[PDB]
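Notes to accompany the following structure.
No lab work stands behind these numbers, since they all come straight from the coordinates. Neighbour counts are summed over all protein chains in view; Cβ atoms, including those assigned to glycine, are modelled from backbone coordinates with ideal geometry.
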Amino acid sequence: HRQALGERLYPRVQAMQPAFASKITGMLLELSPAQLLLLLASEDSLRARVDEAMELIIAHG
């Protein structure tokens, strides 16, 4: 189930942050089942969370 979600998530993440698509998709795929379903159901929520992930990648760096 988590795998099937990630296969759908990846192209959508890639359209938002193509240079970090696999990294960010992998970060999202650690999240809870409920949060993953929310992200796949709502591109608006997904965009916010992908932006958050990108900001964390830069900050950690």
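Structure notes:
- Along the axis of the charge dipole computed for the chain (Cβ charges of +1 for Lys and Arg, -1 for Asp and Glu, origin at the Cα centre), the listed residues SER42, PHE20, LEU5 are led at the positive end by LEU5.
- Considering only the Cα atoms of the chain, their convex hull presents on average a projected area of 3.7 nm².
- Note on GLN3 and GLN35: the extension gain reaches 10.1 nm, defined as 0.36 nm multiplied by sequence separation minus the Cα-Cα distance.
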